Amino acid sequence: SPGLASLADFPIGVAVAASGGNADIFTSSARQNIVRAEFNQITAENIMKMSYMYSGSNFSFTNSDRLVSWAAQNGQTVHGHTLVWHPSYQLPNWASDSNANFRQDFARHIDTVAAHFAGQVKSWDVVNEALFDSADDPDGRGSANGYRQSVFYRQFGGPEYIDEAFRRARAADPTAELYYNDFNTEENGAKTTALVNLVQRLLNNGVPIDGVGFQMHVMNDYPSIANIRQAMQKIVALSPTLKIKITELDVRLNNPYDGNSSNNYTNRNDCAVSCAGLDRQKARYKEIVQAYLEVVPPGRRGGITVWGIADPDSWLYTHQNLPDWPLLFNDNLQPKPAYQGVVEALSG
């Protein structure tokens, strides 16, 4: 073999499904064999989100425990995804502007969840997606010096919930590496600047943040690798020890937002065997992994994770009504040129 994970001294991860469909890691022996062969860390794609930690008002860890156990038995550490996150679909019922005891319930959440997984999960996305993004502002709340005005922001009156989540997480499990995770922060534009402002504030307040996660939900040709590199550079520069992790890497062939509709693959058959996009995708995975290695010093590399095993498993398999092929394995679960691109980056 080898396997990708053997080619690095930092985690090489994959997000796994566990909600009973085709991609479900518990049922798919073919996927389990790929995870065991290739990776040495997993992230729960979905079942470690906030509400999955509850059955009513009480905590329920049955299904997440099952997954964390599976990891330990199959050569995988766990990156735990995620303690605090804003989407309505995964908020526990306590996380409401109508709860007078929000701050108490927030504490109980972080204290209970972090303690529960101590020794079983290497790292956490402690806070996910705290930065404003116009692409993800469905209620039209608008920005607040670059913060998303989520229920956590609204209840706290400010970004202090971020500070508290990291402190509580540190105290409940001192062994975990604690990450702040977000997307579009690799573009090197406004959200990158907002990230700088966020992280610097945490460092100023003495908050126990151990690293920054870049989701890296990228296109083949957007953003430029120069901008990806400079964004990571900007964050590396903020501290002598802050770790950088690539948390959710996937790479689209179709760019809706590029101004060119005639360079869109509109048919599933287009890239089922070969097309120019799969070959660029090899190069794109390679150039990203290379950027990460070059700019993140040895000893501050929190890991590289790809957001799923095989293409039909991807959240972007079909997106905005267009097909895509974002991952390292195809539908038949064969390695793609993308896989080789990761091989060549890691190996040198």
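Numbers for residues come from their place in the sequence shown, where the first is 1.
Mean CA B-factor, 67-75 versus 127-135: the higher value falls on 67-75.
Look at the C-alpha B-factors of 55-63 and of 310-318. On average they run higher in 55-63. Take 50, 293, 44, 304 and read off each C-alpha B-factor from the entry; 293 has the highest. Annotation for residue 245: CA B-factor lies in the lowest third of the chain's modelled residues. Annotation for residue 222: C-alpha temperature factor in the middle third relative to the rest of the modelled chain, per the entry. For residue 340, the recorded CA temperature factor ranks within the middle third of the chain's modelled residues. When the CA B factors of the chain's modelled residues are split into thirds, the value for residue 186 lands in the middle one. Annotation for residue 97: C-alpha temperature factor in the lowest third relative to the rest of the modelled chain, per the entry.
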